[PDB]
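Numbering-wise (the authors' numbering), the sequence shown opens with residue 0 and increments by one.
For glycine and all other residues, C-beta sits at the position ideal for the given N, C-alpha and C.
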Amino acid sequence: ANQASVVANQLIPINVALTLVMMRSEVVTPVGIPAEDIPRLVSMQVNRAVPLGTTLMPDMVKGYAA
């Protein structure tokens with residue numbers, strides 16, 4: 000697609016709260032959280048360590064729903 004997802008721009012350690020420096024937008028498969036949502040992800044925590052280049056999936060963010 001042209002559908003870009005949120006991809007970790009650095010290793011996001013477990014339980015850290017997401018900041019804008021941590022999140023880039025890329026056309027990756029499988030599709031994860033839509034890149035349009037990078038605004039509303041700031042301050043939410045991840046529930047596991049996300050390595051650099053990992054697509055952020057809905058189940059990795061605490062309190063995220065669609």
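CB of residue i within 8 Å of CB of residue j, strictly
i, j, result
"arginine 23", "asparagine 46", "no"
"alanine 48", "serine 4", "no"
"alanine 16", "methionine 56", "no"
Cβ neighbour criterion (16 or more within 10 Å) applied to residue i
i, result
"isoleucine 13", "exposed"
"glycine 31", "buried"
"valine 60", "buried"
"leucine 40", "buried"
Other residues of its chain near residue i: CB distance less than 7 Å, five sequence neighbours each side excluded
i, result
"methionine 21", "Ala7, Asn8, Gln9 and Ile11"
"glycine 52", "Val6 and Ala7"
"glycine 62", "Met43"
"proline 50", "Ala7 and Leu10"
Beta bridge counterpart(s) of residue i as assigned by DSSP
i, result
"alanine 48", "Per DSSP, none; premise fails for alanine 48."
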